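Presented below, as structure tokens, is a lone chain in the form deposited without the named molecule.
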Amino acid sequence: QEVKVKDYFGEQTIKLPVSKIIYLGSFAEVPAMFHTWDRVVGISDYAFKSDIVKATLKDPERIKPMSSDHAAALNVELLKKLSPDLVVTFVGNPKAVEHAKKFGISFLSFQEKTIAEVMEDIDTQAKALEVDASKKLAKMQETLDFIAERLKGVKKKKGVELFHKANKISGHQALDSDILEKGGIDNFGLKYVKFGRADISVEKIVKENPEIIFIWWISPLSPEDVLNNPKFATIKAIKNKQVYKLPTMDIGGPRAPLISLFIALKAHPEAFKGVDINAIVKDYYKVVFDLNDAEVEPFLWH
């Protein structure tokens, strides 16, 4: 049997069943939501840092850690050696992926820029995996709807997220920026960066003077590194200690709505005054990941 789906390169026909998959660059947590770890033969090595990967992947010993680079990521030789039926990749280097696609291995190629697009792409992967995602996608949307409801009529806070270094930020056409926006942040990166993530001058960061600063979960930076940077001494976020490292959750996947919830809770705690955050978090993990009561506990916040 086959399925025909659309991706970054247009129409793809995927042969079924898909028994061996490699995930490169994104969607690390998808096998956890679908209980398809048995079918995974390789994953970007950053994925092993994800706490839901750590908790749900029972036999990591047989899975090959792949390069996490953008891209040229441990190329055609390794891919053939693993003999996958399908490679799911984030497109960081279009030419590299287009080359790899020449060797008979099927690719599903995505370049998600919004949480909406992440859900569309999870839906596409579910077609390839022959699993039903409607119930799990519904919980993701319900969570997004809850956040938006609590932030209605709340003024956005001026902020930014830092990535590989303290002056690298996100702008338009960047999933990180959509996540920030859903969390009630007025991301000043939008003013300087028309696509993806990029460097801007420290002087401009100081001038924009953010009230809150978030740090990418893969960043080498800790909050202390930012708080104690002498060049940021005048910034409001530093003076008020509003510098937060985002949790160990892959942005391009089923936990994107929780990252926005985390941001909203940090930036706008007064908007969640009476709310039982952990009951929502608990049900999220139970529906999306099918974790039992004992397994969910380490995932609750605080």
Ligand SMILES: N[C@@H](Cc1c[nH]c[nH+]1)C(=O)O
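Position 1 is the first residue in the sequence shown; the rest follow in order.
Keep in mind that the form deposited with the named molecule bound is not shown, yet the notes after this line are about it.
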Practice problem: Sort through 247 to 255, 57 to 65, 268 to 276, 29 to 37 and report the only stretch with a non-hydrogen atom within 4.5 Å of the named molecule in the deposited complex. | Solution: 247 to 255
Self-check item: Partner-contacting position among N75, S222, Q173, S201 - heavy atom within 4.5 Å of the named molecule in the deposited complex
Solution: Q173
Quiz item: Taking the named molecule in the deposited complex as the reference, which of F232, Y192, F146, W216 has a non-hydrogen atom within 4.5 Å?
Solution: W216
Quiz item: Does the 4.5 Å heavy atom contact test between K239 and the named molecule in the deposited complex come out positive?
Solution: no
Quiz item: Do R197 and the named molecule share at least one heavy atom pair within 4.5 Å in the deposited complex?
Solution: yes
Practice problem: Give a yes/no on whether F107 approaches the named molecule to within 4.5 Å in the deposited complex, heavy atoms considered. | Solution: no
